[PDB]
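K.L.:
Once you've had a glance at the structure underneath, I'll fire off some questions.
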Amino acid sequence: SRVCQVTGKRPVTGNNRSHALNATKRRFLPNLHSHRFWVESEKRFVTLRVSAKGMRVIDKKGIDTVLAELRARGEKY
Amino acid sequence: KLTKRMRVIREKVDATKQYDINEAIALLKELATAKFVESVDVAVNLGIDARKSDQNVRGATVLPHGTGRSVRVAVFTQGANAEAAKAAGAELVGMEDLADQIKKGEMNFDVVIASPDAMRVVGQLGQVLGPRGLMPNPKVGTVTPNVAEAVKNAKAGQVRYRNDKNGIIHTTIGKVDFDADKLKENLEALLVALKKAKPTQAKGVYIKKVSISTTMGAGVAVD
Amino acid sequence: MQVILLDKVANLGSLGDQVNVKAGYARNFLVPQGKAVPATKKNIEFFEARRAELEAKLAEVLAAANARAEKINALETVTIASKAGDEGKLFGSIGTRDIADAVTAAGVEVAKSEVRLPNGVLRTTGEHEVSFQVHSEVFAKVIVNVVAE
RNA sequence: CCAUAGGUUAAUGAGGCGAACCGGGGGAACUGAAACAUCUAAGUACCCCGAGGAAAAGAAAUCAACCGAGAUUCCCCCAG
RNA sequence: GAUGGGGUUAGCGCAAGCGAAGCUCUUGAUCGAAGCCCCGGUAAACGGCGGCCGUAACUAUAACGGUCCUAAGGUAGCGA
RNA sequence: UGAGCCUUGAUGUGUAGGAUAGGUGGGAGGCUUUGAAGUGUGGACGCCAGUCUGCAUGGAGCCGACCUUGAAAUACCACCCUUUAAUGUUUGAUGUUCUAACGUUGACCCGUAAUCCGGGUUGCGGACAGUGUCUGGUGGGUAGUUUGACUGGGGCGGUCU
RNA sequence: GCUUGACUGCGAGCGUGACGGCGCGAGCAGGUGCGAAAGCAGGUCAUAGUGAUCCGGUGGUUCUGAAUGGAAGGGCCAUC
RNA sequence: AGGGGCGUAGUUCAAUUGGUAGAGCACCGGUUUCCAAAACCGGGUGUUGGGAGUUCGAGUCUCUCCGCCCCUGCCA
Ligand SMILES: [Mg+2]
Ligand SMILES: [Mg+2]
Ligand SMILES: [Mg+2]
Ligand SMILES: [Mg+2]
Ligand SMILES: [Mg+2]
Ligand SMILES: [Mg+2]
Ligand SMILES: [Mg+2]
């Protein structure tokens, strides 16, 4: 499903407004993108489904550090 | 193309950048390079444009330092105001005779002042005095019952100004030989009068730029 | 995206020059091709350490250069023996082989290529002034006394 | 090419059921407004996930007001 | 986010008041595509095919028109 | 190739006239082998009337200055205004040359007894496409509703203060 | 002819309305105008010329100001 | 509301962009031919919506007094 593998962002629901404030249910989905991240330690490319906000934290945190937290959650690669 | 005289003028002033009043007045004193004594020529640009009718400004200002610009005063008035004008030093005082002298071409005066009763006679001179801008107008204080004061107030250094179509102010604070400090006071007194004259609707910086120049001198910006 | 250069990528500079650059450049091109590495605190210090360590290597080599230099510069004149030229030209020449055996014994060890014999191949017998170039900037000096055998 | 993916064993664990209570993910309309859109109904009904005998919450980046109080939960007031 | 207006106050002032810097409230210059306006095309695209006036040897009628509305006012064929 | 300003050059005919006489002061000056006037095409533009000055030539002349004329002059200056031209400064708009993101429902290899999937190799495309947030337009495609009362039944007509 | 009473604060007592409300009013206070004064003037001979509340805008106002000083906002007055 | 726009002879529509409002067709005349009609002229048709400025002087620029417009826009 539409879940970020780094930040865990998932679709959320809200209202479409209008000039008359009429509220209709809607969904907000993350800006998810499938990217192949280069992991130096394994000298390999690993593909992750990440949001655009997740991409920013990867540079700040390091490719190895983020993957270590994901392994704590536990998943396939 | 440019001669040596003109190239040294632009070498002394680098107008591409702004200058402060203290520096600007120093530059003006060094720009006085002519055979005859020069007069400061004001070059102040107003953000407001006279293209709107109601935004026109007409004003007057008496300067204690003075300008030196000829101030021969012709006065149209009768009775006690004629004696008061003569006692105040008016060179020419009369009514119909002086108007007829003007019609005959005797124009040995620099400033006309009229009493409101004399406006009937001065009105006939509108074809002559109008194009030259010498026509008395109440908005500049040259139409007043206190004729003696108008003759006084003038004489020394009373200066006039009228906005053009391009919304620019070209006055004269005084002669170039005037001291820098006095010249700074002269322009400062002028400047406050302009602020009072400013209207309200004008949604623009009242002054678009302030510059000073002499006869052959370059324009130095004032801040 | 601060990243420390590993080479002379385009106009970015040369090896070892941290520069601010758009994320994408390094996030997918510089790093996966190995042309650079993120200049993150840890990495930059290590590279700066690499800078100063090679400087110390440069220091050490030039330091040991002056060592050899002085060792042999100050006097340290050598004596060699060959078949007397009978008051004039000492018959045969002395070349790369024997000028290097002289220094070997007497101390400092120099390569035949290093040896710089300026005045031809030193054929005449007498005082001769021979220099050595142990290092590119080191200008060593030696006096050689030729004697008959 | 190492590797990695993958593959074969061996150990553990989980699977389902069950009333309500609980937390979380979704989430109406009838109705009321004497109509009806904001609003109300209502985060109710319902669906889904998970847990326990309780759950949840919880040890101040909280309130107070120049005096002070000192986690959370629950009850009566404050107060329609 | 150009510019302008406010709030606050370091400070200056007997105080009236003024007001640095910072923060903050607002005004909205400049940039800005499609669309719309605009210019054409398209009716085996959806659709539309009227009135007025004059004019043939008795009349009549109006081809031959003219005129207005309109975009243009029904051809072949058929027709109580 | 855009739109800006910055500076510089050039541009200013209702007419009278000096006539290719913006706008407004300053201004009696002006002005200058440093090229006086000149003289020769540097002139290009333009009203073809005129204008500025490749540069060479000659060496002090040059010019506020009537009249009408708004009117007194690219004789005098700040420097600006219009017509603008070049020049300096900034965002973008397409086009292209890329690959490295991304795409491949191209080929090949492997997982593998596999027209799935994944990985690898390669080709092609490529900073597009595509997707997210925000946003303009469109949208009976799909919803939720409204669509009054009086009234010799109702509708129609009329009426509502 | 001269003028702004087309006044400000009020108002005994009445009228007419289910009410919201509408209408009439001597007199009082402060300031006016016209008259020499008595006096008259709180619009127009009278009865039609009109629209509640909410919300927002403008001016004024020592009323309020969520720790305190301000301010925002609100209130009151005038008014759209 | 806000930003662009337009109102010249009975018939419409050009312009000038401060100096200077024509053409169109209708009408009456005149030409033209042996004569008609067609054509070609003369000419009679104007306050440039309107009002006031600016101005030596503006139907022109400005302010606008409006009608008629196109775009766009707001919860008494
Ligand atoms: Mg030999
Ligand atoms: Mg209801
Ligand atoms: Mg239990
Ligand atoms: Mg029948
Ligand atoms: Mg319903
Ligand atoms: Mg009914
Ligand atoms: Mg009356």
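Numbering starts at 1 and runs along the chain as it is shown here.
This entry, so its header tells us, was determined using electron microscopy, 4.5 Å.
Cβ atoms are placed via backbone N, Cα and C, with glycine included.
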K.L.:
Labelled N6-succinyllysine in Swiss-Prot - which residue from B:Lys35, B:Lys152, B:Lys209 would that be?
P.N.:
B:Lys152
K.L.:
If Swiss-Prot marks one of B:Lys184, B:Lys196, B:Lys208 as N6-succinyllysine, which residue does it mark?
P.N.:
B:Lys184
K.L.:
Please compare the modified residues B:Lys103, B:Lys184, B:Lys195 by how many other CB atoms fall within 10 Å of each one's CB, and tell me which has the fewest.
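P.N.:
Lowest Cβ count within 10 Å among the modified residues (B:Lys103, B:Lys184, B:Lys195) is B:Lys195.
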K.L.:
Restricting the comparison to the modified residues B:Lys103, B:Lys152, B:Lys184, which residue's C-alpha is spatially nearest the C-alpha of B:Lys195 (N6-succinyllysine)?
P.N.:
B:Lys184
K.L.:
Which ones in the same chain are close to B:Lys152 (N6-succinyllysine), with CB under 8 Å and 6+ residues apart in sequence?
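P.N.:
B:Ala88, B:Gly89 - these are the non-local Cβ neighbours of B:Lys152 (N6-succinyllysine), listed in sequence order.
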K.L.:
Round to a whole number and give the Cα-to-Cα distance in Å for the pair B:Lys184 (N6-succinyllysine) and B:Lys103 (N6-succinyllysine).
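P.N.:
Cα of B:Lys184 (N6-succinyllysine) to Cα of B:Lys103 (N6-succinyllysine) measures 41 Å after rounding.
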